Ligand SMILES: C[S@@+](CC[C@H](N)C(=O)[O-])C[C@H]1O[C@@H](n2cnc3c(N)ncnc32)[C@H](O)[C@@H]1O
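As structure tokens, one chain now follows by itself in the form deposited without this ligand.
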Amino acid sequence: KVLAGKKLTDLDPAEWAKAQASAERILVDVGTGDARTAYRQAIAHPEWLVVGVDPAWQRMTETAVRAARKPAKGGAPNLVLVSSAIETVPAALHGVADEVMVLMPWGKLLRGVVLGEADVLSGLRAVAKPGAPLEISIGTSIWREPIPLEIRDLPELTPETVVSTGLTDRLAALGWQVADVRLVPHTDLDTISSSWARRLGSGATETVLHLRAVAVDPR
């Protein structure tokens, strides 16, 4: 269930309850990578319960080590790294998110987002409270060669194609009322995708497709 160092242990239902009650706000990152991005949201907002959810738990191990240390040594006790896929999220993670974030997704998470697949979008909808925003950010440079296999068979997602492909309708039918979709050129990449193999301040930027939606009633 939950990362505790380099070992994943079980999270006591009670402790998971107190942590929720104790938090000003709950933020859920689906698809976290090595989870440095989730770690920094936790450091910047110690009162947020930041929850990183992703099946590939071995990659979040270093983040978990650094987060387990004492406060003065860069520890972050408000960071919860959950080992789970979004398509079959456990019932304890149902309706907890004040905000759901999908920051530069890869693999199935990325493909399900571009295609508007029921299992990914409903899993994302399952974790959110009514009114909670869905923030999806995808770097557009994934559509230059070589285009990643998980999306190589699709056309480039633009603000205009999001509507004409019916993605905006599939989102609304699954409980996601789209509010805004736009391209933001020259976006500092360190804002939505940190990494322990990357140094902050490199100033690397990219064009990023943003999509905000709000959790409503499914059809």
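Note that residue numbering follows the sequence shown and begins at 1.
In what follows, reference is made to the form deposited with this ligand bound, a form of this protein that is not presented.
For the options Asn78, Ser122, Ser84, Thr140, the one in contact with this ligand in the bound PDB entry, meaning a heavy atom within 4.5 Å, is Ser84. This chain lacks the partner; the member of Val113, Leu103, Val127, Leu134 within 4.5 angstroms of this ligand in the bound PDB entry by a non-hydrogen atom is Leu103. Relative to this ligand in the bound PDB entry, residues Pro148, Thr158 and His210 are all farther than 4.5 Å at every heavy atom. Mapping the unseen interface onto this chain, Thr63 falls outside it, with no heavy atom inside 4.5 Å of this ligand in the bound PDB entry. This ligand in the bound PDB entry comes within 4.5 Å of no heavy atom belonging to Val28. Heavy atoms of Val50 never reach within 4.5 Å of this ligand in the bound PDB entry, leaving it off the interface. Residue contact with this ligand in the bound PDB entry: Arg182 places no heavy atom within 4.5 Å of it. In plain terms, the part of the chain that comes close to this ligand in the bound PDB entry, with a heavy atom within 4.5 Å, is 104-112 out of 140-148, 69-77, 104-112, 91-99.
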